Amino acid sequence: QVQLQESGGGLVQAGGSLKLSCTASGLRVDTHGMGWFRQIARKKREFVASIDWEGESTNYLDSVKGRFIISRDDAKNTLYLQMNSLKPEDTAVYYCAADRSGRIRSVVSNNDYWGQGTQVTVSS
């Protein structure tokens, strides 16, 4: 019955910002590893960012470090991705993921749960 629901996607101009949301049901964000992945091409779903159960340890894909910020509101049971300095190559469906281990696994399908995704499209 676990649901992860992405929102906040959209069409944005290069250099713009978006904040994605992942509202979790049937699990607590403070007991799971929570993360973001993106399907950047047909054969590739890449890691974007993670935050571990304790809410202190974060990891970023090298290509988004310094542009994207992962956050979480435990009371609202919501995961966020602040996306700054957006560029065309960020265009993808973004997916949130959760793992009972307390830390996100490198590959979506090694995580317990993933959502249906939200489209982020970055134009010129």
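Heads up: residue numbers just count along the shown sequence, starting at 1.
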Review point. Quick one: higher average CA temperature factor, 73 to 81 or 30 to 38?
Key: 73 to 81
**Study point:** Assigned third (lowest, middle, highest) for the C-alpha B factor of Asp99
**Key:** middle
Exercise for review: Among all modelled residues of this chain, ranked by Cα B factor, put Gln119 in the bottom, middle or top third, i.e. lowest, middle or highest.
Suggested key: lowest
**Study point:** Entry-reported Cα temperature factor of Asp52, expressed as the chain third it lands in
**Key:** lowest
Exercise for review: Sort the modelled residues of this chain by their C-alpha B factor and say whether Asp62 lands in the lowest, middle or highest third.
Suggested key: highest
Practice item. Just say lowest, middle or highest third for the CA B-factor of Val12 relative to the other modelled residues in its chain. Key: highest
